[PDB]
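S.K.: Build me a structure from this.
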Amino acid sequence: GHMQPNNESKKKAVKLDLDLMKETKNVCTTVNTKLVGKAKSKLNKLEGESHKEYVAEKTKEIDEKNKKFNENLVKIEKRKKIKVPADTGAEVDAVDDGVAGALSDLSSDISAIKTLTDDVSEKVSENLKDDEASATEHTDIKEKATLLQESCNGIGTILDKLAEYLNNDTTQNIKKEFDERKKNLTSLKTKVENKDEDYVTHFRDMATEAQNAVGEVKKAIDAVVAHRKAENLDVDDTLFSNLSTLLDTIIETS
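M.R.: Numbers count the residues shown, from 1 in each chain. Sure, structure below:
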C-alpha cells in the first residue's frame, strides 16, 4: 500500500465519499435545473429592451455553465477502477483524487448559478413596483424555501450514509435533531407557501431551523473527517471543504 492503510477501510471510506458526492451532485443537478428554470422564467419579468443586454449575458453564463456543469457530471461520475484486493484483482470503482478539483468545478458553477438567479431575482425587484417587488420577495421566499428543502432532503440522506461509517452517540444526536428539525422545516416550508401566513417570518424560522440541523451535520462531517484523519485514512480536507462550503452555499438562501 502506498495510500492503502487497509482495503477494508478503503471500501468503507470510498463508500462515504461516493455517497456524499452522489447525494450532493443529485441535489446540485436538481438545483441547477430548477434555478436555471427560475432564472429564465424571471428574465421574462424584466422589461425586455431595457435589459436585453442583461438577459443575453446571463443566458450566456447559463449556457456556458450548463455545458460546463453537464460535462462536470461526466467528470464526477468517473471512478478509477482499482484492484481490491490486490491479490485477486477484483474491480472496484474508486472516486479518484481529481474529484476534489471536480468539486471545486461544481461548487463554482453551482454558486454562480445561484448568485446568477439571485441577480435575476434582484433585477425583477427593481423592474417591478414596490407592491409587485414585494410579491417578488414572496416569489423568492417560496423558491428559496424550496431550495432549502431540496438541500435539506439531500443533506439528511448524506447524514444517514455518513452516520453509517461513524455510527456513534454523536451522530445519533445529530440525526435525532436533524429529524426533528426536518419535520419542523417541512412544516414551515408548507406555511411559507401560503401568503396568508407570514411566509417571511416562517422562512426566517425555517432557515434558522435549517442552520441548526445543518450545523449539526456539518459538525458530523468534521467528526468523520477527523475520524478518518485520526487513523491516516483517505481524507482530503480540501474535498470536504469544497463540499461543506458548497453545502453552505446551496443552503444560503438570498
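S.K.: And the helices in the stretch 1-150 of the chain?
M.R.: Using DSSP state H, counting those that start in this stretch, the helices of the stretch 1-150 of the chain run over residues 7-43, 52-76, 99-127, 130-165.
S.K.: Could I get those in TSV, plus columns for mean neighbour count and distance to residue 238?
M.R.: C-beta: built from backbone N, CA, C; applies to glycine. Listed next are the helices of the stretch 1-150 of the chain as TSV, based on neighbours: other CB atoms under 10 Å; distance: least, CB to CB, whole Å:
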stretch	mean neighbour count	distance to residue 238
helix 7-43	19	13
helix 52-76	15	15
helix 99-127	20	5
helix 130-165	19	18
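S.K.: Let me have those helices in JSON lines, adding distance to residue 214 as columns.
M.R.: Listed next are the helices of the stretch 1-150 of the chain as JSON lines, based on distance: least, CB to CB, whole Å:
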{"stretch": "helix 7-43", "distance to residue 214": "13"}
{"stretch": "helix 52-76", "distance to residue 214": "22"}
{"stretch": "helix 99-127", "distance to residue 214": "16"}
{"stretch": "helix 130-165", "distance to residue 214": "6"}
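S.K.: To residue 1, which of those helices lies closest?
M.R.: helix 7-43 (8.4 Å; CB to CB).
S.K.: Show me what the closest one packs onto, helices and strands only.
M.R.: The contact analysis (3 or more CB pairs under 8 Å, 6 or more residues apart in numbering; DSSP states H and E) places helix 7-43 against helix 52-76, strand 91-94, helix 99-127, helix 130-165, helix 237-251.
S.K.: Same list, the ones you listed, but as JSON lines with distance to residue 197 please.
M.R.: Output for these, formatted as JSON lines (distance: least, CB to CB, whole Å):
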{"stretch": "helix 52-76", "distance to residue 197": "32"}
{"stretch": "strand 91-94", "distance to residue 197": "47"}
{"stretch": "helix 99-127", "distance to residue 197": "21"}
{"stretch": "helix 130-165", "distance to residue 197": "11"}
{"stretch": "helix 237-251", "distance to residue 197": "22"}
